[PDB]
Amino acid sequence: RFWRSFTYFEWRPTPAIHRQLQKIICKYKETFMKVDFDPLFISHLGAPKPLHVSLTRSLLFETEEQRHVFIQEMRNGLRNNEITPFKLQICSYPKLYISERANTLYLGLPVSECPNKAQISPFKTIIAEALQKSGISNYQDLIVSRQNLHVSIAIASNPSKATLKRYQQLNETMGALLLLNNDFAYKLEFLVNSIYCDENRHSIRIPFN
């Protein structure tokens, strides 16, 4: 019906990292079980698939012109804030995140707040400003909070209304157990050279500098 977008960083994990993400997923599910998860970085034919960090929810633009202004203002905001490439640090301990339409659960890795703070802080006002300029003035609910930034690495197969209802309480229970049970000793990070704004047709890559 409309002209949608959403904004993200992309990660193309190497086979070395695939192996680590697979271990994380297996050990989480071991700890959980005493629901199944499919990896998001492997396709159904067994090929690599990119991961991402979502910086916004879905952005509904009623006109193609408004979405265009958004994308221009993203680029302008990046140029004026002098954004250059940086590495983004990713936590090795996962938790559950609810999908945007709330019927799916993902196993995700937090984008850790403290070591990325200086790198990530500018994007909030850059996005907020591009959103307001393009007609979305109620932007607060659309920009992902720093504490919710994450990379989904698996999708829960076949959840349950009850399990979906109580995912946050499951997170409390599992978070405690993961610290007692599991020892995820991986140094996860990736280079961010650009930011993407999706469109149905194709994803617009906006280079930094």
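Throughout, we count residues from 1 along the sequence that is shown.
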Report, from the record, the number of residues in the deposited sequence between residue 34 and residue 35 that have no coordinates, as none, 1 to 3, 4 to 9, or 10 or more.
4 to 9
Higher avg CA temperature factor (128-136 vs 82-90, as deposited) belongs to 82-90
As stated in the PDB record, which stretch has the larger average Cα B-factor, 200-208 or 3-11?
200-208
Note to self: of 160, 54, 152, 58, the C-alpha temperature factor tops out at 160
Would you mind finding, among 41, 70, 28, 184, the residue with the largest C-alpha temperature factor in the entry?
184
By the recorded C-alpha temperature factor, relative to the other modelled residues in its chain, which third is residue 16 in?
highest
For residue 74, the third of its chain into which the C-alpha B factor falls
lowest
Residue 118: CA temperature factor from the record, placed by chain third, in the highest
If you rank the chain by CA B-factor, which third does residue 46 end up in: lowest, middle or highest?
middle
Rank-wise, by C-alpha B-factor, drop residue 178 into the lowest, middle or highest third of its chain.
middle
